[PDB]
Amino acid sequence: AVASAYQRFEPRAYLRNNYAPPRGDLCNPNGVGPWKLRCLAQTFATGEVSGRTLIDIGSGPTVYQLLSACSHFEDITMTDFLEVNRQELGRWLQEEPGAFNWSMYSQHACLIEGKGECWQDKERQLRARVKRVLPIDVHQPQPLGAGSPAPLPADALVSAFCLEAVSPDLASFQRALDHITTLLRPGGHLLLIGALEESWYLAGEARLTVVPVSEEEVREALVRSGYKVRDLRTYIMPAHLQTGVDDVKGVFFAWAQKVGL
């Protein structure tokens, strides 16, 4: 019944707690922002994660997870359980009034990528390759998509801070991973980002209860769902980024491959 709590979920409050200074201050490489974008950039740069279609699970109201990604997939599908978020994304996609400012992220994605690309061009490419923003439920065996417009099976998947924050225990987590794994074409690629050993986090009036997992549980979960863990790293949250919006211990990045056998 996490969904009950997600009802009071305030996108703007979420964005302010996680993507605005101090966490959203991308000057200083020892930060989470830099590190997350770095993991993403380095993985795609290997040019092994490629194709035509891509799906972002539980996008929430953020876009940074697709910045380096868009350069490799012409058809990008963003998703999220809450409508308030799907709406929040739209303000940025359609450049509506009061959309969130991802300038800094776009810029650092461009710095890290080193293609001499300007942020305006990248944001333009992301907004372009994002075809639709569909509603999704990782808890359903067929992720809120009975006959979804999304091209299936996707050639790759990306998820940042979703699963751990939607499931109440390690088992839900595992099943949710299985669910989404079904959307991934065999031999496909998965880029998983999430909170390590986190139990709760605020988002306005909402107070989400989440499953504290470990780099090892996640790895196992990945292997159990039928993946070849290509890369798995962990960033330890510094004291300075430990504000009172949650109790994260660290953050993990996972590059997994749907092993086709």
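From 1 onward, residues are counted along the sequence shown. For clarity, a rigid core is taken as the largest C-alpha set superposing within 1.5 Å between two forms.
- After a core fit, the C-alpha atoms in 9 other deposited structures of this protein lie farther on average from the shown form in one of 132-140 and 94-102, namely 94-102.
- When the other structures are laid on the shown form by the rigid core, the stretch among 142-150 and 83-91 with the greater C-alpha deviation in 9 other deposited structures of this protein turns out to be 142-150.
- In this crystal structure, the stretch out of 113-121 and 75-83 whose C-alpha atoms carry the higher mean B factor is 75-83.
- Of the two stretches examined, 34-42 and 223-231, the record assigns the greater average C-alpha temperature factor to 223-231.
- Note on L126, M104, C162, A176: the highest value goes to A176, judged by CA B factor as recorded.
- The entry lists a Cα temperature factor for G194 that places it in the lowest third of the chain's modelled residues.
- When the modelled residues of the chain are ordered by their C-alpha B factor, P29 lands in the middle third.
- Annotation for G51: CA B-factor lies in the highest third of the chain's modelled residues.
- Sort the chain's modelled residues by C-alpha temperature factor and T209 lands in the highest third, per the entry.
- For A150, the recorded CA B-factor ranks within the highest third of the chain. Only modelled residues enter the ranking.
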